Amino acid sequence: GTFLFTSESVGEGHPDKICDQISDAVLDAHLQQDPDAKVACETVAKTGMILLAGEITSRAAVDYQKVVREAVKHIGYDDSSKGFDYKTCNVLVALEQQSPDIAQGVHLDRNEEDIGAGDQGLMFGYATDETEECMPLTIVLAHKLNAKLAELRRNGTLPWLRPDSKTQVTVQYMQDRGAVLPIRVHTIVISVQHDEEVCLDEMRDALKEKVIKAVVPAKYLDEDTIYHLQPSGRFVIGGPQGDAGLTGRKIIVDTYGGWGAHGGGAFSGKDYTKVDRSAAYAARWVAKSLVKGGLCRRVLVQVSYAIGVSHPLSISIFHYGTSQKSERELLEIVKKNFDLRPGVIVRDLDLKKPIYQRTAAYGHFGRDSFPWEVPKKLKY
């Protein structure tokens, strides 16, 4: 009756995550000056290079060199010995205005509440009662392992650490009337970029004792747990030098770690009219409201849109058998309690606020009591 499930996470210096953070730093910089900025900022990173490409129409005056370099500094890439340096890297900008054909079809001359979706697409939200924050344990643990690495790097206790890391956690679960119950951790992987001087045994010992044991409750770890710590054997070259990064290439890390579902759309670098982000945040909010409201133990919500059309084209609720109410009844409750037009979501979730860089590492969900993490009290 048990099964395995695996999720991964990556650190702040993973090259794809660097791009997500830079894209959201650019978004935040625009929103600080122009709350109605239209932003679709993609970032690419390779050895010595950050390239910004995409479309921004905004009244803000943004110094892209400063914004990009400050984001890279925060991540920790500050010296050529680490493979990347905010002070001396190339920052290239290929940003144009938003297409006028898009603007006229989406938002020009429209009442804000009745703004059209900025694109077509589908989005999902998910929630599970297996943790208090209503997220899968596999990804929660994977994120926390990367956060612990960054903490021990920044506090100097493991000074050989560099910012690029990846983690992966496999949990054995049992099923319980459609809900899932974590039993034990089956396998953990950690790979992290390191300096030239530290040896492999020192790193493997530290990763077990100072990282894993600091993060994962002992009750989940036993004599059979498998550890793959620095499994490649050597990871000195890292960051964009080791692997090109792009915005929107960590969409499963950003969401539910393989649980639930995903509609395909990236979050970072996008203002609220891009429903890939706003409607996925709203769908999370719905899912978490249903679980915290006691209606379900686990739930998946789908929504979809057409460019230029305000109301969603479809809404669907899947409760895995974890409610006494039918999925049709839950759908009716959702329709009575939520208005999923983007021009209403923006108000409910405060999506003109420049908090997006905070979302761009360690997952967008299950953390920090963002508005989409505060359950709505449901009337039914």
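When you see a residue number, it is the position in the sequence shown, counting from 1.
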* To do: Take the C-alpha B-factors listed in the entry for 71-79 and for 177-185, compute each mean, and give the stretch with the larger one.
  => 177-185
* Asked: Comparing 38-46 with 57-65, which stretch shows the greater average C-alpha B-factor in the deposited entry?
  -> 57-65
* To do: Return the residue from 308, 240, 263, 293 that has the highest Cα B-factor in the entry.
  => 293
* Among 104, 165, 232, 168, which carries the highest Cα B-factor? -> 104
* Asked: How does residue 84 rank on Cα B-factor within its chain, lowest, middle or highest third?
  -> middle
* residue 254 by Cα B-factor - lowest, middle or highest third of the modelled chain -> lowest
* To do: Relative to the other modelled residues of the same chain, rank the CA B-factor of residue 123 and answer lowest, middle or highest third.
  => lowest
* Structure fact -> Binned into thirds over the chain's modelled residues, the C-alpha B-factor of residue 217 lands in the highest
* Structure fact -> residue 142: CA temperature factor from the record, placed by chain third, in the lowest
